[PDB]
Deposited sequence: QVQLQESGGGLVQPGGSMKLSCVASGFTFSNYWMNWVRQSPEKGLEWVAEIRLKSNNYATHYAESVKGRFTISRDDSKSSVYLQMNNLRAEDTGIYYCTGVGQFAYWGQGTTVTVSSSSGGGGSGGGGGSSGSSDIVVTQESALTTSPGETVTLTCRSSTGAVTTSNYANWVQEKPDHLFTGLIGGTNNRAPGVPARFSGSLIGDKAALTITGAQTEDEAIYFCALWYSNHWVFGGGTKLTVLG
């Protein structure tokens, strides 16, 4: 168990400010970039921000939608990453996650913030135990290549994320061997070779474009 423990969310007013925290344990925090990603029903997953190492002068990149408003930072002596959110708006509502490592193995439990270019996946697929099922992930910019570093992430009830695959086809530590990553027909793909009852879940791909991530809309997998 690596653990990423978040805090700071709540019920906030438009125009307000708020600061999120995530504390890491079980891995060498200072050696890895960290990201914030958010989920809303106005379709997250949405990558928000990243922060690199003490060797890159802690360089940062932000999604266009939060730039000039959000600030990401880290304190390596406390193994913590933070997100200062200013000028909040209704669009910032959702569940906020710290996540990183090859490139999204580990996810925090999430903290809810209530305020009051195109990656495509299959909406849904249906399999049964023992079958081999393949999920795909296409980019509107043309053929996915290894230069897009495709990751696959799994969401289970409720809002529990686990990274499966990064760097196109590298399985994260302790991920079951039935899970596999590939490139097939100019798309990224995830294959489950012998689906199990417990793989019923929502699967998200993420693709890298030079200096940022775009997440697919997610595939609902039912296992009858």
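Student: Go through the deposited sequence from residue 1 and tell me which stretches lack C-alpha coordinates, in order.
Tutor: No C-alpha for residues 117 to 135, 244.
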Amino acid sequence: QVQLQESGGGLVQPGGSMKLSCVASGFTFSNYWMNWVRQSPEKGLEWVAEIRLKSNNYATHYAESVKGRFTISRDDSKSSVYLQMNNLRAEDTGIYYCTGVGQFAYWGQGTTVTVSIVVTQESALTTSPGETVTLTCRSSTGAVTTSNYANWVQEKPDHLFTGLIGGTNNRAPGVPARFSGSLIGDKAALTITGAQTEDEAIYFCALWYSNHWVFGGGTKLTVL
From here on, numbers count along this sequence of modelled residues.
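Whichever C-alpha set is largest while still superposing within 1.5 Å between the two forms counts as the rigid core.
Student: So, in 7 other deposited structures of this protein, taking the root mean square over structures and residues of the Cα distances after a rigid core fit: is 42 to 50 or 173 to 181 the more displaced stretch?
Tutor: With the rigid core fitted, 42 to 50 is the stretch that strays more in 7 other deposited structures of this protein.
Student: Would 56 to 64 or 187 to 195 have the larger average of its C-alpha temperature factors, as given in the entry?
Tutor: Here the higher of the two C-alpha B-factor means belongs to 56 to 64.
Student: Compare the mean C-alpha B-factor of 35 to 43 with that of 151 to 159 as given in the PDB entry, and name the stretch with the higher value.
Tutor: Taking the mean B-factor of the alpha carbons in each, 35 to 43 is higher.
Student: Highest CA temperature factor in the entry: which of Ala201, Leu20, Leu207, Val23?
Tutor: Spelled out: the listed residue with the top C-alpha B-factor is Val23.
Student: For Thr120, return the chain-relative third of its C-alpha B-factor as stated in the PDB record: lowest, middle or highest.
Tutor: It belongs to the lowest third of the chain when residues are ordered by C-alpha B-factor.
Student: Going by the CA temperature factor in the PDB record, which third of the chain does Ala49 belong to: lowest, middle or highest?
Tutor: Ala49: CA B-factor falls in the lowest third of its chain.
Student: Ordered by C-alpha B-factor within the chain, which third holds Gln103? Give me lowest, middle or highest, please.
Tutor: For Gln103, the deposited C-alpha B-factor lands in the lowest third.
Student: Can you tell me whether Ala172 has a C-alpha B-factor in the lowest, middle or highest third compared with the other modelled residues of the same chain?
Tutor: Highest third - that is where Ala172 ends up once the chain's C-alpha B-factors are sorted.
Student: Test of reading the entry: by CA B factor among the chain's modelled residues, which third contains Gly130?
Tutor: Lowest third - that is where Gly130 ends up once the chain's C-alpha B-factors are sorted.
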